[PDB]
$ cat start-v3.csv   # CSV, N, CA and C atoms
chain,number,residue,atom,x,y,z
A,24,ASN,N,0.8,-1.2,0.0
A,24,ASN,CA,0.0,0.0,0.0
A,24,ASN,C,0.8,1.3,0.0
A,25,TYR,N,0.2,2.4,-0.2
A,25,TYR,CA,0.8,3.7,-0.2
A,25,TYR,C,1.8,4.0,0.9
A,26,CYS,N,1.3,3.7,2.1
A,26,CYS,CA,2.1,3.9,3.4
A,26,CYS,C,3.4,3.1,3.4
A,27,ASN,N,3.3,1.8,3.2
A,27,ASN,CA,4.5,0.9,3.2
A,27,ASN,C,5.5,1.4,2.2
A,28,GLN,N,4.9,1.8,1.0
A,28,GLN,CA,5.8,2.3,-0.1
A,28,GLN,C,6.4,3.7,0.2
A,29,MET,N,5.6,4.7,0.6
A,29,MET,CA,6.2,6.0,0.9
A,29,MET,C,7.1,6.1,2.1
A,30,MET,N,6.7,5.3,3.2
A,30,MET,CA,7.5,5.3,4.4
A,30,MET,C,8.9,4.8,4.0
A,31,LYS,N,9.0,3.7,3.2
A,31,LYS,CA,10.3,3.2,2.8
A,31,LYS,C,11.0,4.2,2.0
A,32,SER,N,10.4,4.6,0.9
A,32,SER,CA,11.0,5.6,0.0
A,32,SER,C,11.6,6.8,0.6
A,33,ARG,N,10.8,7.4,1.6
A,33,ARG,CA,11.3,8.6,2.2
A,33,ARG,C,12.3,8.3,3.3
A,34,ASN,N,12.9,7.1,3.3
A,34,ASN,CA,13.9,6.7,4.3
A,34,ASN,C,13.3,6.8,5.7
A,35,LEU,N,12.1,6.3,5.9
A,35,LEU,CA,11.5,6.4,7.2
A,35,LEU,C,11.5,5.0,7.8
A,36,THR,N,11.4,4.0,7.0
A,36,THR,CA,11.4,2.6,7.5
A,36,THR,C,12.5,1.7,6.9
A,37,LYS,N,13.6,2.3,6.6
A,37,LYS,CA,14.7,1.6,6.0
A,37,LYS,C,15.5,0.9,7.1
A,38,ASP,N,15.6,1.6,8.2
A,38,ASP,CA,16.4,1.1,9.4
A,38,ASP,C,15.6,1.0,10.6
A,39,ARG,N,14.3,1.1,10.5
A,39,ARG,CA,13.5,1.0,11.7
A,39,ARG,C,12.0,1.1,11.3
A,40,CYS,N,11.1,0.8,12.1
A,40,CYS,CA,9.7,0.9,11.8
A,40,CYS,C,9.2,2.1,12.7
A,41,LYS,N,8.8,3.2,12.0
A,41,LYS,CA,8.3,4.4,12.7
A,41,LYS,C,6.8,4.1,12.9
A,42,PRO,N,6.3,4.2,14.2
A,42,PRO,CA,4.9,4.0,14.5
A,42,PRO,C,3.9,4.7,13.6
A,43,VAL,N,4.0,6.0,13.6
A,43,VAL,CA,3.1,6.8,12.8
A,43,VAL,C,3.8,7.9,12.0
A,44,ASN,N,3.1,8.3,10.9
A,44,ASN,CA,3.5,9.4,10.0
A,44,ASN,C,2.4,9.9,9.1
A,45,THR,N,2.3,11.2,9.0
A,45,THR,CA,1.3,11.8,8.2
A,45,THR,C,1.9,12.5,7.0
A,46,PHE,N,1.3,12.2,5.8
A,46,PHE,CA,1.7,12.8,4.6
A,46,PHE,C,0.7,13.8,4.1
A,47,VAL,N,1.1,15.0,3.7
A,47,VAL,CA,0.2,16.1,3.3
A,47,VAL,C,0.2,16.2,1.8
A,48,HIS,N,-1.0,16.2,1.2
A,48,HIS,CA,-1.1,16.3,-0.3
A,48,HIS,C,-1.5,17.6,-0.8
A,49,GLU,N,-0.8,18.7,-0.3
A,49,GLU,CA,-1.1,20.0,-0.7
A,49,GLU,C,0.3,20.5,-1.1
A,50,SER,N,0.4,21.6,-1.9
A,50,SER,CA,1.7,22.1,-2.4
A,50,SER,C,2.5,22.5,-1.2
A,51,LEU,N,3.8,22.5,-1.3
A,51,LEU,CA,4.7,22.9,-0.2
A,51,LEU,C,4.6,24.3,0.2
A,52,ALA,N,4.2,25.2,-0.7
A,52,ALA,CA,4.1,26.6,-0.4
A,52,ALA,C,2.8,26.9,0.4
A,53,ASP,N,1.8,26.1,0.1
A,53,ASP,CA,0.5,26.2,0.8
A,53,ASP,C,0.6,25.7,2.2
A,54,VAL,N,1.5,24.8,2.5
A,54,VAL,CA,1.7,24.3,3.8
A,54,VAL,C,2.6,25.2,4.6
A,55,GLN,N,3.6,25.9,3.9
A,55,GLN,CA,4.4,26.8,4.6
A,55,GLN,C,3.6,28.1,4.9
A,56,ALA,N,2.6,28.3,4.2
A,56,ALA,CA,1.7,29.5,4.4
A,56,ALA,C,1.1,29.4,5.8
A,57,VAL,N,0.9,28.2,6.3
A,57,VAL,CA,0.2,28.0,7.6
A,57,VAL,C,1.0,28.7,8.8
A,58,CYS,N,2.3,28.9,8.6
A,58,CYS,CA,3.1,29.5,9.6
A,58,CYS,C,2.7,30.9,9.9
A,59,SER,N,1.8,31.5,9.1
A,59,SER,CA,1.3,32.9,9.3
A,59,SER,C,-0.2,32.8,9.5
A,60,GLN,N,-0.8,31.7,9.8
A,60,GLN,CA,-2.2,31.6,10.0
A,60,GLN,C,-2.7,31.5,11.5
A,61,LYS,N,-3.5,30.6,11.8
A,61,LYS,CA,-4.0,30.6,13.2
A,61,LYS,C,-3.0,30.1,14.3
A,62,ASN,N,-2.6,31.1,15.1
A,62,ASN,CA,-1.6,30.7,16.2
A,62,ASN,C,-2.3,30.1,17.4
A,63,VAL,N,-1.9,28.9,17.6
A,63,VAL,CA,-2.4,28.1,18.8
A,63,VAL,C,-1.2,27.6,19.6
A,64,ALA,N,-1.5,26.8,20.6
A,64,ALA,CA,-0.5,26.2,21.4
A,64,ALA,C,-0.2,24.7,21.0
A,65,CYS,N,1.0,24.4,21.0
A,65,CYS,CA,1.4,23.0,20.7
A,65,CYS,C,1.0,22.2,21.9
A,66,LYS,N,0.7,20.9,21.6
A,66,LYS,CA,0.3,20.0,22.7
A,66,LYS,C,1.3,20.0,23.9
A,67,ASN,N,2.6,20.3,23.5
A,67,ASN,CA,3.6,20.3,24.5
A,67,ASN,C,3.6,21.5,25.4
A,68,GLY,N,2.7,22.5,25.0
A,68,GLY,CA,2.6,23.7,25.7
A,68,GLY,C,3.2,24.9,25.0
A,69,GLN,N,4.1,24.6,24.1
A,69,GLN,CA,4.8,25.7,23.4
A,69,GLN,C,3.7,26.4,22.6
A,70,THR,N,4.1,27.6,22.0
A,70,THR,CA,3.1,28.4,21.3
A,70,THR,C,3.6,28.9,19.9
A,71,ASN,N,4.5,28.1,19.3
A,71,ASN,CA,4.9,28.5,17.9
A,71,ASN,C,4.2,27.5,17.0
A,72,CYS,N,3.0,27.3,17.3
A,72,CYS,CA,2.2,26.4,16.4
A,72,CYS,C,1.1,27.2,15.8
A,73,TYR,N,0.7,26.7,14.6
A,73,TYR,CA,-0.4,27.3,13.8
A,73,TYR,C,-1.3,26.3,13.2
A,74,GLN,N,-2.6,26.6,13.3
A,74,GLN,CA,-3.6,25.7,12.7
A,74,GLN,C,-4.0,26.3,11.3
A,75,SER,N,-4.2,25.4,10.4
A,75,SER,CA,-4.6,25.9,9.0
A,75,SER,C,-6.0,26.3,9.0
A,76,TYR,N,-6.3,27.5,8.3
A,76,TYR,CA,-7.6,28.0,8.2
A,76,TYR,C,-8.5,26.9,7.6
A,77,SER,N,-8.0,26.2,6.6
A,77,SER,CA,-8.8,25.2,5.9
A,77,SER,C,-8.3,23.8,6.2
A,78,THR,N,-9.1,22.8,5.7
A,78,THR,CA,-8.7,21.4,5.9
A,78,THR,C,-7.8,21.1,4.7
A,79,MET,N,-6.9,20.1,4.8
A,79,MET,CA,-6.0,19.7,3.8
A,79,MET,C,-6.1,18.2,3.6
A,80,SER,N,-5.7,17.8,2.4
A,80,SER,CA,-5.8,16.3,2.1
A,80,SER,C,-4.5,15.7,2.8
A,81,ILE,N,-4.8,14.6,3.5
A,81,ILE,CA,-3.7,13.9,4.2
A,81,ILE,C,-3.9,12.5,4.3
A,82,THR,N,-2.8,11.7,4.4
A,82,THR,CA,-2.8,10.3,4.6
A,82,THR,C,-2.1,9.9,5.9
A,83,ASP,N,-2.9,9.3,6.7
A,83,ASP,CA,-2.4,8.9,8.0
A,83,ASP,C,-1.8,7.4,7.9
A,84,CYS,N,-0.5,7.2,8.3
A,84,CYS,CA,0.1,5.9,8.2
A,84,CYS,C,0.3,5.4,9.6
A,85,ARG,N,-0.4,4.3,10.0
A,85,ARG,CA,-0.2,3.8,11.4
A,85,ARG,C,0.2,2.3,11.3
A,86,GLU,N,1.2,2.0,12.1
A,86,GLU,CA,1.7,0.6,12.2
A,86,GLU,C,0.6,-0.3,12.7
A,87,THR,N,0.5,-1.5,12.1
A,87,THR,CA,-0.4,-2.5,12.6
A,87,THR,C,0.2,-3.1,13.9
A,88,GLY,N,-0.7,-3.8,14.6
A,88,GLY,CA,-0.2,-4.4,15.9
A,88,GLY,C,0.8,-5.5,15.6
A,89,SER,N,0.9,-6.0,14.4
A,89,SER,CA,1.8,-7.1,14.1
A,89,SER,C,3.1,-6.7,13.6
A,90,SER,N,3.2,-5.5,12.9
A,90,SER,CA,4.5,-5.0,12.4
A,90,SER,C,5.7,-5.1,13.3
A,91,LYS,N,6.8,-5.6,12.7
A,91,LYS,CA,8.0,-5.8,13.5
A,91,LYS,C,9.2,-5.7,12.5
A,92,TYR,N,10.2,-4.9,12.8
A,92,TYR,CA,11.3,-4.7,11.9
A,92,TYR,C,11.9,-6.1,11.7
A,93,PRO,N,12.4,-6.3,10.4
A,93,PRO,CA,12.3,-5.5,9.2
A,93,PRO,C,11.0,-5.4,8.5
A,94,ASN,N,10.0,-6.3,8.8
A,94,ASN,CA,8.7,-6.3,8.2
A,94,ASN,C,7.7,-5.3,8.7
A,95,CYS,N,7.9,-4.0,8.5
A,95,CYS,CA,7.0,-3.0,9.0
A,95,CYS,C,5.7,-3.1,8.2
A,96,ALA,N,4.5,-2.9,8.8
A,96,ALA,CA,3.2,-3.0,8.2
A,96,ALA,C,2.4,-1.8,8.6
A,97,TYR,N,1.8,-1.1,7.7
A,97,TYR,CA,1.0,0.1,8.0
A,97,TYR,C,-0.4,0.0,7.5
A,98,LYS,N,-1.3,0.8,8.2
A,98,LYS,CA,-2.7,0.9,7.9
A,98,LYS,C,-2.8,2.3,7.3
A,99,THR,N,-3.4,2.3,6.1
A,99,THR,CA,-3.5,3.6,5.4
A,99,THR,C,-4.9,4.2,5.6
A,100,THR,N,-5.0,5.5,6.1
A,100,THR,CA,-6.2,6.2,6.3
A,100,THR,C,-6.2,7.6,5.7
A,101,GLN,N,-6.8,7.8,4.6
A,101,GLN,CA,-6.9,9.1,3.9
A,101,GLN,C,-8.0,10.0,4.6
A,102,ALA,N,-7.7,11.3,4.6
A,102,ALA,CA,-8.7,12.2,5.2
A,102,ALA,C,-8.4,13.7,4.8
A,103,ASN,N,-9.3,14.5,5.2
A,103,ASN,CA,-9.1,16.0,5.0
A,103,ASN,C,-9.3,16.6,6.4
A,104,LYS,N,-8.2,17.2,6.9
A,104,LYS,CA,-8.3,17.9,8.2
A,104,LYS,C,-7.4,19.1,8.3
A,105,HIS,N,-7.6,19.9,9.3
A,105,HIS,CA,-6.8,21.1,9.6
A,105,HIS,C,-5.5,20.5,10.1
A,106,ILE,N,-4.4,21.1,9.6
A,106,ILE,CA,-3.1,20.6,10.1
A,106,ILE,C,-2.6,21.6,11.1
A,107,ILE,N,-1.8,21.1,12.1
A,107,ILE,CA,-1.2,22.0,13.1
A,107,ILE,C,0.3,21.7,13.0
A,108,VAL,N,1.1,22.7,12.7
A,108,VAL,CA,2.5,22.6,12.6
A,108,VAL,C,3.3,23.6,13.5
A,109,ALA,N,4.5,23.2,13.9
A,109,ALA,CA,5.3,24.1,14.7
A,109,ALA,C,6.3,24.8,13.8
A,110,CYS,N,6.4,26.1,13.8
A,110,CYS,CA,7.2,26.9,13.0
A,110,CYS,C,8.4,27.5,13.6
A,111,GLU,N,9.5,27.7,12.9
A,111,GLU,CA,10.7,28.3,13.4
A,111,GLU,C,11.7,28.6,12.3
A,112,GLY,N,12.7,29.4,12.6
A,112,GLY,CA,13.7,29.8,11.6
A,112,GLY,C,13.3,31.0,10.9
A,113,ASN,N,14.2,31.4,9.9
A,113,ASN,CA,14.0,32.5,9.1
A,113,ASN,C,14.5,32.1,7.7
A,114,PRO,N,13.6,31.9,6.7
A,114,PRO,CA,12.2,32.2,6.8
A,114,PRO,C,11.5,31.3,7.9
A,115,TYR,N,10.3,31.7,8.2
A,115,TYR,CA,9.5,30.9,9.2
A,115,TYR,C,8.7,29.8,8.5
A,116,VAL,N,9.2,28.6,8.7
A,116,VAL,CA,8.7,27.4,8.0
A,116,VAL,C,8.4,26.3,9.0
A,117,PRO,N,7.5,25.3,8.6
A,117,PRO,CA,7.2,24.2,9.5
A,117,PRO,C,8.4,23.3,9.8
A,118,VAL,N,8.6,22.9,11.0
A,118,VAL,CA,9.7,22.0,11.4
A,118,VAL,C,9.2,20.7,12.0
A,119,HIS,N,8.0,20.8,12.5
A,119,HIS,CA,7.3,19.7,13.2
A,119,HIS,C,5.9,19.6,12.9
A,120,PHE,N,5.3,18.4,12.8
A,120,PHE,CA,3.9,18.2,12.6
A,120,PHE,C,3.4,17.9,14.0
A,121,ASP,N,2.4,18.7,14.4
A,121,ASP,CA,1.8,18.5,15.7
A,121,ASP,C,0.5,17.7,15.8
A,122,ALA,N,-0.4,17.9,14.9
A,122,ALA,CA,-1.6,17.2,14.8
A,122,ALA,C,-2.5,17.5,13.6
A,123,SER,N,-3.7,16.9,13.5
A,123,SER,CA,-4.6,17.2,12.4
A,123,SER,C,-6.0,17.0,13.0
A,124,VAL,N,-6.8,18.1,12.9
A,124,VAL,CA,-8.2,18.1,13.4
A,124,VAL,C,-9.2,18.0,12.3
B,1,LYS,N,24.2,18.7,7.6
B,1,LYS,CA,23.5,17.8,6.6
B,1,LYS,C,22.1,18.3,6.4
B,2,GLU,N,21.1,17.5,7.0
B,2,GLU,CA,19.7,17.8,6.9
B,2,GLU,C,19.1,18.7,8.0
B,3,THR,N,18.7,19.9,7.6
B,3,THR,CA,18.1,20.8,8.5
B,3,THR,C,16.7,20.3,9.0
B,4,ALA,N,16.1,21.0,10.0
B,4,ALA,CA,14.8,20.6,10.5
B,4,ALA,C,13.7,20.8,9.5
B,5,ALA,N,13.8,21.9,8.7
B,5,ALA,CA,12.8,22.2,7.7
B,5,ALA,C,12.9,21.2,6.5
B,6,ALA,N,14.1,20.8,6.2
B,6,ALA,CA,14.3,19.8,5.1
B,6,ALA,C,13.7,18.5,5.5
B,7,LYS,N,14.0,18.1,6.8
B,7,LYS,CA,13.5,16.8,7.3
B,7,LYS,C,11.9,16.8,7.3
B,8,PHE,N,11.3,17.9,7.6
B,8,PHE,CA,9.9,18.0,7.7
B,8,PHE,C,9.4,17.7,6.3
B,9,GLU,N,10.0,18.3,5.3
B,9,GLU,CA,9.6,18.1,3.9
B,9,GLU,C,9.7,16.6,3.4
B,10,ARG,N,10.8,16.0,3.8
B,10,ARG,CA,11.1,14.6,3.4
B,10,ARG,C,10.1,13.6,4.0
B,11,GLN,N,9.8,13.9,5.3
B,11,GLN,CA,8.9,13.1,6.1
B,11,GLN,C,7.4,13.3,5.9
B,12,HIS,N,7.0,14.5,5.6
B,12,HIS,CA,5.6,14.8,5.4
B,12,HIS,C,5.0,15.4,4.1
B,13,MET,N,5.9,15.8,3.2
B,13,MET,CA,5.4,16.4,2.0
B,13,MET,C,5.2,15.4,0.8
B,14,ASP,N,4.0,15.4,0.3
B,14,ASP,CA,3.8,14.6,-0.9
B,14,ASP,C,2.7,15.3,-1.7
B,15,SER,N,3.1,16.4,-2.3
B,15,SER,CA,2.3,17.2,-3.2
B,15,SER,C,1.7,16.4,-4.3

$ encode --input "start-v3.csv" --output "structure tokens"
Amino acid sequence: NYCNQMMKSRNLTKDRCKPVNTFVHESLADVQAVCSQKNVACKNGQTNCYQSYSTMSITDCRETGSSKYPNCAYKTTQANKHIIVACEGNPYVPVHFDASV
Amino acid sequence: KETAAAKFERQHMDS
């Protein structure tokens, strides 16, 4: 499936099985634009997080309960949700994915 | 090598 394929390709499951990972299907510029949108607090308490005004297309990749390195197995769940990312640097761009509502 | 913004792109971007 898409998750097992993209996780491997992006060097995410080549040397380990990462429990979860979300892929955003919007242009990179549109995602970077979120850093100037709705300012909220990151679950960790920090406040350099921003929620997207609109929902975006995303694919949630979750490891099955059976997955074990080297045979990682993922469950693919497509959806449209508001993304929340932590921004920093100059330019101000996303460095962490916080959640999706 | 890989900056934090670069890593976010490799890990989560799939336009």

$ residues_around --input "start-v3.csv" --residues "residue B:13" --least-positions-apart "2" --cutoff "8 Å" --atoms "only N, CA and C atoms" --output "list in words"
residues 45, 46, 47, 48, 49, 50 and 51 of chain A; 7, 8, 9, 10, 11 and 15 of chain B

$ write_last_selection --input "start-v3.csv" --atoms "N, CA and C atoms" --output "PDB file, in the coordinates of the input"
ATOM      1  N   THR A  45       2.300  11.200   9.000  1.00  0.00           N
ATOM      2  CA  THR A  45       1.300  11.800   8.200  1.00  0.00           C
ATOM      3  C   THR A  45       1.900  12.500   7.000  1.00  0.00           C
ATOM      4  N   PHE A  46       1.300  12.200   5.800  1.00  0.00           N
ATOM      5  CA  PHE A  46       1.700  12.800   4.600  1.00  0.00           C
ATOM      6  C   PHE A  46       0.700  13.800   4.100  1.00  0.00           C
ATOM      7  N   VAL A  47       1.100  15.000   3.700  1.00  0.00           N
ATOM      8  CA  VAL A  47       0.200  16.100   3.300  1.00  0.00           C
ATOM      9  C   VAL A  47       0.200  16.200   1.800  1.00  0.00           C
ATOM     10  N   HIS A  48      -1.000  16.200   1.200  1.00  0.00           N
ATOM     11  CA  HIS A  48      -1.100  16.300  -0.300  1.00  0.00           C
ATOM     12  C   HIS A  48      -1.500  17.600  -0.800  1.00  0.00           C
ATOM     13  N   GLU A  49      -0.800  18.700  -0.300  1.00  0.00           N
ATOM     14  CA  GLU A  49      -1.100  20.000  -0.700  1.00  0.00           C
ATOM     15  C   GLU A  49       0.300  20.500  -1.100  1.00  0.00           C
ATOM     16  N   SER A  50       0.400  21.600  -1.900  1.00  0.00           N
ATOM     17  CA  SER A  50       1.700  22.100  -2.400  1.00  0.00           C
ATOM     18  C   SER A  50       2.500  22.500  -1.200  1.00  0.00           C
ATOM     19  N   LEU A  51       3.800  22.500  -1.300  1.00  0.00           N
ATOM     20  CA  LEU A  51       4.700  22.900  -0.200  1.00  0.00           C
ATOM     21  C   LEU A  51       4.600  24.300   0.200  1.00  0.00           C
TER      22      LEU A  51
ATOM     23  N   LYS B   7      14.000  18.100   6.800  1.00  0.00           N
ATOM     24  CA  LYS B   7      13.500  16.800   7.300  1.00  0.00           C
ATOM     25  C   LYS B   7      11.900  16.800   7.300  1.00  0.00           C
ATOM     26  N   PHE B   8      11.300  17.900   7.600  1.00  0.00           N
ATOM     27  CA  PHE B   8       9.900  18.000   7.700  1.00  0.00           C
ATOM     28  C   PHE B   8       9.400  17.700   6.300  1.00  0.00           C
ATOM     29  N   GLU B   9      10.000  18.300   5.300  1.00  0.00           N
ATOM     30  CA  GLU B   9       9.600  18.100   3.900  1.00  0.00           C
ATOM     31  C   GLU B   9       9.700  16.600   3.400  1.00  0.00           C
ATOM     32  N   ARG B  10      10.800  16.000   3.800  1.00  0.00           N
ATOM     33  CA  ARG B  10      11.100  14.600   3.400  1.00  0.00           C
ATOM     34  C   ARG B  10      10.100  13.600   4.000  1.00  0.00           C
ATOM     35  N   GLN B  11       9.800  13.900   5.300  1.00  0.00           N
ATOM     36  CA  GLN B  11       8.900  13.100   6.100  1.00  0.00           C
ATOM     37  C   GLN B  11       7.400  13.300   5.900  1.00  0.00           C
ATOM     38  N   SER B  15       3.100  16.400  -2.300  1.00  0.00           N
ATOM     39  CA  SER B  15       2.300  17.200  -3.200  1.00  0.00           C
ATOM     40  C   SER B  15       1.700  16.400  -4.300  1.00  0.00           C
TER      41      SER B  15
END

$ closest_residue --input "start-v3.csv" --among "A:40, A:52, A:102, A:65" --to "residue A:82" --atoms "only N, CA and C atoms"
A:102

$ atom_distance --input "start-v3.csv" --atom1 "atom CA of residue A:110" --atom2 "atom CA of residue A:81"
19.1 Å

$ select_by_dssp --input "start-v3.csv" --residues "chain A" --states "helix (DSSP H, G or I)" --output "ChimeraX atom specification"
/A:25-32,51-59

$ closest_atom_pairs --input "start-v3.csv" --of "chain A" --to "chain B" --cutoff "12 Å" --atoms "only C-alpha atoms" --output "JSON lines"
{"residue": "A:25", "atom": "CA", "partner": "B:14", "partner_atom": "CA", "distance": 11.3}
{"residue": "A:26", "atom": "CA", "partner": "B:12", "partner_atom": "CA", "distance": 11.6}
{"residue": "A:29", "atom": "CA", "partner": "B:14", "partner_atom": "CA", "distance": 9.1}
{"residue": "A:30", "atom": "CA", "partner": "B:11", "partner_atom": "CA", "distance": 8.1}
{"residue": "A:31", "atom": "CA", "partner": "B:11", "partner_atom": "CA", "distance": 10.5}
{"residue": "A:32", "atom": "CA", "partner": "B:10", "partner_atom": "CA", "distance": 9.6}
{"residue": "A:33", "atom": "CA", "partner": "B:10", "partner_atom": "CA", "distance": 6.1}
{"residue": "A:34", "atom": "CA", "partner": "B:11", "partner_atom": "CA", "distance": 8.3}
{"residue": "A:35", "atom": "CA", "partner": "B:11", "partner_atom": "CA", "distance": 7.3}
{"residue": "A:36", "atom": "CA", "partner": "B:11", "partner_atom": "CA", "distance": 10.9}
{"residue": "A:41", "atom": "CA", "partner": "B:11", "partner_atom": "CA", "distance": 10.9}
{"residue": "A:43", "atom": "CA", "partner": "B:11", "partner_atom": "CA", "distance": 10.9}
{"residue": "A:44", "atom": "CA", "partner": "B:12", "partner_atom": "CA", "distance": 7.4}
{"residue": "A:45", "atom": "CA", "partner": "B:12", "partner_atom": "CA", "distance": 5.9}
{"residue": "A:46", "atom": "CA", "partner": "B:12", "partner_atom": "CA", "distance": 4.5}
{"residue": "A:47", "atom": "CA", "partner": "B:13", "partner_atom": "CA", "distance": 5.4}
{"residue": "A:48", "atom": "CA", "partner": "B:15", "partner_atom": "CA", "distance": 4.6}
{"residue": "A:49", "atom": "CA", "partner": "B:15", "partner_atom": "CA", "distance": 5.1}
{"residue": "A:50", "atom": "CA", "partner": "B:15", "partner_atom": "CA", "distance": 5.0}
{"residue": "A:51", "atom": "CA", "partner": "B:15", "partner_atom": "CA", "distance": 6.9}
{"residue": "A:52", "atom": "CA", "partner": "B:15", "partner_atom": "CA", "distance": 10.0}
{"residue": "A:53", "atom": "CA", "partner": "B:15", "partner_atom": "CA", "distance": 10.0}
{"residue": "A:54", "atom": "CA", "partner": "B:13", "partner_atom": "CA", "distance": 8.9}
{"residue": "A:55", "atom": "CA", "partner": "B:5", "partner_atom": "CA", "distance": 10.1}
{"residue": "A:79", "atom": "CA", "partner": "B:15", "partner_atom": "CA", "distance": 11.1}
{"residue": "A:80", "atom": "CA", "partner": "B:15", "partner_atom": "CA", "distance": 9.7}
{"residue": "A:81", "atom": "CA", "partner": "B:14", "partner_atom": "CA", "distance": 9.1}
{"residue": "A:82", "atom": "CA", "partner": "B:12", "partner_atom": "CA", "distance": 9.6}
{"residue": "A:83", "atom": "CA", "partner": "B:12", "partner_atom": "CA", "distance": 10.3}
{"residue": "A:84", "atom": "CA", "partner": "B:12", "partner_atom": "CA", "distance": 10.8}
{"residue": "A:106", "atom": "CA", "partner": "B:12", "partner_atom": "CA", "distance": 11.5}
{"residue": "A:108", "atom": "CA", "partner": "B:8", "partner_atom": "CA", "distance": 10.0}
{"residue": "A:109", "atom": "CA", "partner": "B:8", "partner_atom": "CA", "distance": 10.4}
{"residue": "A:110", "atom": "CA", "partner": "B:5", "partner_atom": "CA", "distance": 9.0}
{"residue": "A:111", "atom": "CA", "partner": "B:5", "partner_atom": "CA", "distance": 8.6}
{"residue": "A:112", "atom": "CA", "partner": "B:5", "partner_atom": "CA", "distance": 8.6}
{"residue": "A:113", "atom": "CA", "partner": "B:5", "partner_atom": "CA", "distance": 10.5}
{"residue": "A:114", "atom": "CA", "partner": "B:5", "partner_atom": "CA", "distance": 10.1}
{"residue": "A:115", "atom": "CA", "partner": "B:5", "partner_atom": "CA", "distance": 9.4}
{"residue": "A:116", "atom": "CA", "partner": "B:5", "partner_atom": "CA", "distance": 6.6}
{"residue": "A:117", "atom": "CA", "partner": "B:5", "partner_atom": "CA", "distance": 6.2}
{"residue": "A:118", "atom": "CA", "partner": "B:5", "partner_atom": "CA", "distance": 4.8}
{"residue": "A:119", "atom": "CA", "partner": "B:8", "partner_atom": "CA", "distance": 6.3}
{"residue": "A:120", "atom": "CA", "partner": "B:8", "partner_atom": "CA", "distance": 7.7}
{"residue": "A:121", "atom": "CA", "partner": "B:8", "partner_atom": "CA", "distance": 11.4}

$ closest_residue --input "start-v3.csv" --among "A:92, A:71, A:98, A:63" --to "residue A:38" --atoms "only N, CA and C atoms"
A:92

$ atom_distance --input "start-v3.csv" --atom1 "atom CA of residue A:104" --atom2 "atom N of residue A:123"
7.1 Å

$ atom_distance --input "start-v3.csv" --atom1 "atom CA of residue A:75" --atom2 "atom N of residue A:42"
24.8 Å

$ select_by_dssp --input "start-v3.csv" --residues "stretch 26-112 of chain A" --states "strand (DSSP E or B)" --output "PyMOL selection string"
chain A and resi 43-47+61-63+72-74+79-86+91+94+97-104+106-111

$ closest_residue --input "start-v3.csv" --among "A:87, A:93, A:60, A:68" --to "residue A:37" --atoms "only N, CA and C atoms"
A:93
